[PDB]
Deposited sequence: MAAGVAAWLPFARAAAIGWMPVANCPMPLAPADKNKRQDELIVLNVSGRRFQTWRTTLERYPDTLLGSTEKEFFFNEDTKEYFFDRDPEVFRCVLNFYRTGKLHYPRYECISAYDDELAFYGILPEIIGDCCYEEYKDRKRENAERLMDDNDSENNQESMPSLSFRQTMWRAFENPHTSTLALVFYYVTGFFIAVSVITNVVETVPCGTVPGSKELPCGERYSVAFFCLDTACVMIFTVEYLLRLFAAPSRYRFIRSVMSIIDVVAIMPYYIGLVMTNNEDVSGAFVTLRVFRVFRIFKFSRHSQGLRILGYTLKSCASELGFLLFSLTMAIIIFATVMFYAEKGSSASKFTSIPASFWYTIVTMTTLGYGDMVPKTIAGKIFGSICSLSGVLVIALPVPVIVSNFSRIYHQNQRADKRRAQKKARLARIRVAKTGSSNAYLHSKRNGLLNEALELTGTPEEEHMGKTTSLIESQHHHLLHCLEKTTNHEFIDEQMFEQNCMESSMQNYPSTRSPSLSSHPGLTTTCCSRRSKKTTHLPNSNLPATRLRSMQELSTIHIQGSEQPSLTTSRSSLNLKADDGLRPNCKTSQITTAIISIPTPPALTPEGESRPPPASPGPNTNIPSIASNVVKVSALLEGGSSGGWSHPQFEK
């Protein structure tokens, strides 16, 4: 019999023979008979009249399709109402289904201890939180500036030789360094004592940055100039520039950049690999071409790595240049090849950066909008 379905007034009609093709759901089985007012002998359904279309099209073909325009939320609701599973969705239209679900998910995505642990993360909530955030971000800048300046040679001092400031006003800089390092270590200990998951903290990246920015001060004390060689402390002063990364707490762009750098590890690894092999190839070619010349600075393939990496980036210092015909031809080819091989990661990197940036933008916008509701 031509069983008729006036689903919310829209009248479809089909043989029960095909309607029973898969009775392991609402309409195929016999529990739909609850809505079966035989006053009309039609299964009058108060559901959407345009999602049932895919239902009886499934019962016709054997698989259900997925149209584009309608909100996938109502789609999922109505397919769940009939007890049909999104897994059964034919591969005719399946990948954009996953796409829409993914982006829909992204759209819809204590007395003393927790007081501190909520003041630290969210500075704008409290006002003591700001007077801590800004005062600990000011000393970072102070330490950065004094580390930069302790190297400026200033003061002609005719009585003695020419000296950099950092070793002329020794204690005046030692006190600045000690003050900023003491504030750093105190605020770090307050980060620690207030961290609920004290093991998840030590394992985090920010704690590593903080401890590696602090230690070059104490290690400097244990290694006083009595027992040291002036080539093993340069590393300490170099590591003392890691206390510029503490701005990651105050800046959002830096954290977004870290996120998008770890999000693109595979393309970056391939960039490193392809760059390495291009450098080796072009360095071998340029070395054997420019091997014998007047004062050829291509003394070795390692010594040609420098020329190759300077040319591939279109830097072109000009201290190592070819002088033969083959050297010129292959330097020419090398520049273009480098331009090509370096322009591979840049697109996806900047795309991911802009995407994460605007995603956080719209996320906090929608969050404020929903909390203002």
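- Positions of the deposited sequence absent from the coordinates, in order: 1-39, 149-162, 427-652.
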